[PDB]
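Q: Have a look at the structure that comes next, please.
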Ligand SMILES: [Cl-]
Ligand SMILES: [Cl-]
Ligand code: NA
Ligand code: NA
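Residue numbers (full-length UniProt numbering), protein chains in the order written: chain Y, 221 to 382, 384 to 438; chain H, 221 to 382, 384 to 438.
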């Protein structure tokens, strides 16, 4: 085998803060936390105070692979800018890969060979946050439908050939209410939107992404 | 021109609850809310109580188009299952398209010609929620990197040719701490993760999506 697995269930004998690699390929992870490990998802889990707690992994654990996967379970107790993991060159400070929590619950992965300003990144999608004004749009273009939040593409379904059109002349429309469908399992029937709405707009074509962006300005 | 635009700034003369289409192509939107319109994003905005308030749009506004866009601004005051808009056949209850808010701030768009159980949908991406255990994974396969939350793909960057590899033998790794980069604008330096972590795993290849799913079980 290759790779590692930290289950963080119980310190190794002889210590209070060392946790083994269950795959038996790498050294012990070291925990710096006054909490220690506590009941969590699978047996025990690391609990970090968000102040100065972290885990040191042994050197070399990820720098010898061309392709790879890093995976773990996490319970985020504070929404904000925070490092989740960071694997970096011991010889310089501008060669690294780091997964971060973002200003809003999104996550970002960055790899760079030229410091902070050269990061190549991947960022997760936006969602609707409580009490925060956002722009939403749906576009249908042939078989492809697209969802946008603040002018960013957040989903597609390229298999949409479909209902109202034509004989849509007498179609009904609500904002914030649904009509009664054919199913009592519909959870939206009799649910009413709690919020505010503005500039409701409809177009008889599919706007492009930067067209969408411009509305979201 | 074609299409509509409801700015919801001021009731039309002679009424208390009618709002015109600024494009002058469709009838008045009708508001059912004891709140009326109030200061919002652009001038005034509709405020729905989440109990029984909604807006009726005039019949036909969207059922005569092959391709289209629906776009608006929204401020969601309660996270949960709620209809945002619904355009449906006046002759049956199983021919409609509806945009909904979901259990967690995501949004879903559905079109159907065969009732609730036949909905074809588009759903926005997951994010990390406060106090909620989630599975996260990053995979690098050739030039393509992928982010996953609970086994669902939430971002990619097909242009990743890059840093540690090789000479990665002495690379350093943290969970919950970042090293100091070359920039004082780095907001992650000196930030510490507030949360829990379990089953931290590393692989020297890129797992497939259902492989990822299986870890997220
Ligand atoms: Cl263990
Ligand atoms: Cl108006
Ligand atoms: Na564990
Ligand atoms: Na307005």
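Heads up, the beta-carbon is just placed ideally off N, CA and C, and yes, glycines get one too.
Of all the residues that make up the region 285–303 of chain Y, which are near chain H by a beta-carbon distance shorter than 8 Å?
A: Residues 285, 286, 287, 288, 289, 290, 291, 292, 293, 294, 295, 296, 297, 298, 299, 300, 301, 302 and 303.
Q: So residue 436(H) is in the alpha helix (DSSP H); what residue range does that whole segment cover?
A: Note, residue 436(H): alpha helix (DSSP H), 430–436.
Q: With a Cβ-Cβ cutoff of 8 Å, do residue 282(H) and residue 389(Y) count as a contact?
A: Taking 8 Å as the Cβ cut-off, residue 282(H) and residue 389(Y) qualify as a contacting pair.
Q: Apart from the five residues on each side of it in sequence, which residues of its chain come closer than 7 Å, Cβ to Cβ, to residue 410(Y)?
A: Within the same chain, residue 410(Y) has close Cβ partners 399, 401 and 402.
Q: So what does DSSP say about residue 391(H), is it helix, strand or coil?
A: Helix, per DSSP.
Q: Is residue 397(Y) near residue 275(H), with beta carbons less than 8 Å apart?
A: Yes.
Q: Thinking C-alpha only, which one of 426(H), 435(H), 438(H) and 236(H) is nearest residue 221(Y)?
A: Nearest C-alpha to residue 221(Y): 426(H).
Q: Roughly how many angstroms lie between the CA atoms of residue 316(H) and residue 361(Y), to the nearest whole one?
A: Answer to the nearest angstrom: the Cα atoms are 17 Å apart.
Q: Hey, is residue 354(H)'s beta-carbon within less than 8 Å of any beta-carbon in chain Y?
A: Taking Cβ atoms only, chain Y reaches closer than 8 Å to residue 354(H), which makes this a yes.
Q: Answer yes or no: the CB of residue 239(H) versus the heavy atoms of ligand 2, is any distance below 7 Å?
A: Within the cutoff, so yes.
Q: Any beta carbon of chain Y sitting closer than 8 Å to that of residue 313(H)?
A: Yes - at least one Cβ of chain Y is within 8 Å of the one on residue 313(H).
Q: Sort out for me which residues DSSP pairs residue 295(Y) with in a bridge.
A: Per DSSP, 417(H).
Q: Using 8 Å for Cβ pairs, my map puts residue 371(Y) next to residue 326(Y). What's the rounded Cβ distance?
A: Not quite, the Cβ-Cβ distance comes to about 16 Å (not below 8 Å), so this is no contact.
Q: Counting only beta-carbon separations shorter than 8 Å, does residue 404(H) have a partner in chain Y?
A: Residue 404(H) counts as touching chain Y.
Q: Give the C-beta separation of residue 395(Y) and residue 268(H) to the nearest angstrom, bearing in mind that I take them to be a contact with Cβ-Cβ under 8 Å.
A: Contact flag wrong, Cβ pair sits at about 11 Å.
Q: Could you name the residues of the same chain whose beta carbon sits closer than 6 Å to that of residue 430(Y), not counting the 5 residues immediately before and after it, in chain order?
A: Answer for residue 430(Y): no residue qualifies.
Q: What residues come near ligand 4, if near means a beta carbon less than 7 Å from any of its heavy atoms?
A: Qualifying residues, in the order they occur: 419(Y), 420(Y), 227(H), 228(H), 229(H), 260(H), 261(H), 262(H), 263(H), 264(H) and 265(H).
Q: When we look at the beta-carbon of residue 288(Y) and count the other beta-carbons within 10 Å, is it buried (16 or more) or exposed?
A: Buried.
Q: Please name the residue, chosen from 385(Y), 416(Y) and 232(Y), that lies closest to residue 314(H) on a Cα-to-Cα basis.
A: It is 385(Y) whose Cα lies nearest to the Cα of residue 314(H).
Q: Can you give the Cα-Cα distance for residue 324(H) and residue 345(Y), rounded to whole angstroms?
A: Rounded to whole angstroms, residue 324(H) to residue 345(Y) spans 14 Å at the Cα level.
Q: Rounded to the nearest angstrom, what separates residue 333(Y) and residue 339(Y) at their Cα positions?
A: Rounded to whole angstroms, residue 333(Y) to residue 339(Y) spans 8 Å at the Cα level.
Q: Grab the span of the beta strand (DSSP E) containing residue 323(Y) for me, first residue to last.
A: Residue 323(Y) -> no beta strand (DSSP E), and no H or E assigned at all.
Q: What's the gap between the Cα of residue 266(Y) and the Cα of residue 417(H)?
A: Straight-line Cα distance between these residues: approximately 5 Å.
Q: Could you check whether the region 223–230 of chain H touches the region 249–257 of chain H, counting it as contact only if at least three pairs of C-beta atoms, one from each stretch, sit closer than 8 Å?
A: These segments touch.
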